[PDB]
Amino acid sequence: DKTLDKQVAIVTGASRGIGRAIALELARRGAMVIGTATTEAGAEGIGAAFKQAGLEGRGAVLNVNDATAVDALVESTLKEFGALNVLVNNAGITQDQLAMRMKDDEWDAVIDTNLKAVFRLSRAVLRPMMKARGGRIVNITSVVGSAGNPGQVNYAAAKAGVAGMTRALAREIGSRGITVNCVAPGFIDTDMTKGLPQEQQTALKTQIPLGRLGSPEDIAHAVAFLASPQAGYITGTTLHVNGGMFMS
């Protein structure tokens, strides 16, 4: 079970759904996990979920667009725990709109949170990891980064860009013993999808050879596998977790 024993992990966007299941699963494998949320109710919910699961772990408030707070989290984690072994980038918003009508700020907010923030966090964690000659960065992207989707040109750009960044990072970090990969969910059962009406939910399932939405745990198990020492020869890749919706 404890393949991540004594490792220290940061999961951004860990309050609900996918990020929560990732946080819990990394703690389950022995990792000490800081999950982040955008608000205090979220950070508290992250703590409470660890404790409900009978696991160690913390919630913290983080605006991934605030370089000062990102750098602060890296410093405090290193100070309290002496190490930073795993980064999982799961913070990410949508601001969907037809490209024709899409405003500059609707573009920017998606690019900032989903691409720029991923770069900044990755660069921040890489300094200690490169020095330690160990680490894992796992970026939670999305099938939309590989296949595109009307109304999500901003989201498609940002997530394809994270994959692009990932490959270049892997080539940059070389023999330094850090792997960088993406996990690309398809349509996962969450609050965001549970709230949409039955007709649209079925329209999603039609797209999927397995005939069901995935679970946040599907994503958590894929991330935990990549975070493991036993996945140390995998880097620069995307692990598609989409029920066969997109294949490569």
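Residue positions are given as counts along the sequence shown, with the first one as 1.
Per the PDB record, of the two stretches 216-224 and 55-63, 55-63 carries the greater mean B-factor over its C-alpha atoms.
For the pair 145-153 and 121-129, the mean B factor over Cα atoms is greater in 145-153. Among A163, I140, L87, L98, the highest C-alpha B-factor recorded in the PDB entry belongs to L98. Among the modelled residues of its chain, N181 has a C-alpha B-factor that falls in the lowest third according to the deposited record. Ranked within its chain, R171 lands in the highest third, by CA B factor from the PDB record. Per the deposited record, the Cα B-factor of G35 falls in the lowest third when ranked against the other modelled residues of its chain. Sorting the modelled residues of the chain by their CA temperature factor places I188 in the middle third.
Split the chain's modelled residues into thirds by C-alpha temperature factor. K159 is in the middle one.
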